[PDB]
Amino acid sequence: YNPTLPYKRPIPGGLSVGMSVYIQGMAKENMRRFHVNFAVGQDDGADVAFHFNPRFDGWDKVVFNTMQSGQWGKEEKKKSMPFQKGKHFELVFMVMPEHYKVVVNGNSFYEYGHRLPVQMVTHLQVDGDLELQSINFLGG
């Protein structure tokens, strides 16, 4: 009865500053990558205020970006991998006035400055090499 992928669901009330999203799943044993998108609308090539994108590669890293008017911006990356193949994780996004704060398994991970206004984000999209267990929205 776990959510199938791709997961795409509205954020109840829309995204607003002060909200958090909290995200339990498992990285697949053979994971290459997955993403979570804070999306502007329901369409499938919707703009994305915040794309959070762990990648196992040469350098295991997380990539962060925004898609606006259909175009990816300047990638930010952190060359650190807080997920592990085959392991359960807890992934939390907190929406602060200046940034999304990302916390993985209780460990602060990254702060991504807003590039598109928070109150454009209406949907959460999740897909890739993971199994999704729960998604809960808080404070909205």
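Start at 1 with the first residue shown and count on from there.
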| item | value |
| --- | --- |
| Third assignment of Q42 from its chain's C-alpha B-factors | highest |
| CA B-factor ranking of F34, expressed as a third of its chain | lowest |
| Chain third (lowest, middle, highest) by recorded CA B-factor, residue given as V121 | middle |
| Chain-relative CA temperature factor third for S69 | middle |
| Relative C-alpha B-factor of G25, binned into the chain's lowest, middle or highest third | middle |
